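Comments concern the structure below.
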């Protein structure tokens, strides 16, 4: 079958906001700051929540002070409150709107 890639999308870039998927509800922005702070120092913390049910979307945005910290974070996984969470970079697929919002 057709399968096999040589050198995945690799482009030079500096520290950037990382999106976390598989986050619990109990865990909030304030809690995430303390948890993530364990790796070093939290530079940015945010938790996305729905408006239909009010329950967290299960994902949010976070940024570390050191690029090495954020990079090493995305490399390995982390168990928050016994829940499985993964850190990945935001792609075109998900483009959170801001300021100028049509509507």
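First residue shown is number 1, and so on along the chain.
Cβ coordinates come from backbone N, Cα and C, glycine included.
What the PDB entry annotates here:
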type   : residues : note
SEQADV : 1-7      : cloning artifact
SEQADV : 98-103   : cloning artifact
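Copied over from Swiss-Prot:
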type     : residues : note
CROSSLNK : 14       : SUMO2 cross-link
CROSSLNK : 93       : SUMO2 cross-link
MOD_RES  : 95       : phosphoserine
Cβ neighbours of residue 95 (phosphoserine) where a neighbour is any other Cβ within 10 Å: 8
Separation of alpha carbons, residue 14 (SUMO2 cross-link) and residue 93 (SUMO2 cross-link) (Å): 20
Cα-to-Cα gap, residue 95 (phosphoserine) vs residue 14 (SUMO2 cross-link), nearest whole Å: 19
Helix-strand-coil residue split for the cloning artifact (98-103), DSSP-based: 0 helix, 0 strand, 6 coil
For the cloning artifact (1-7), residues assigned helix / strand / coil by DSSP: 0 helix, 0 strand, 7 coil
Cβ-Cβ distance under 8 Å to residue 14 (SUMO2 cross-link), same chain, at least six residues away: 67
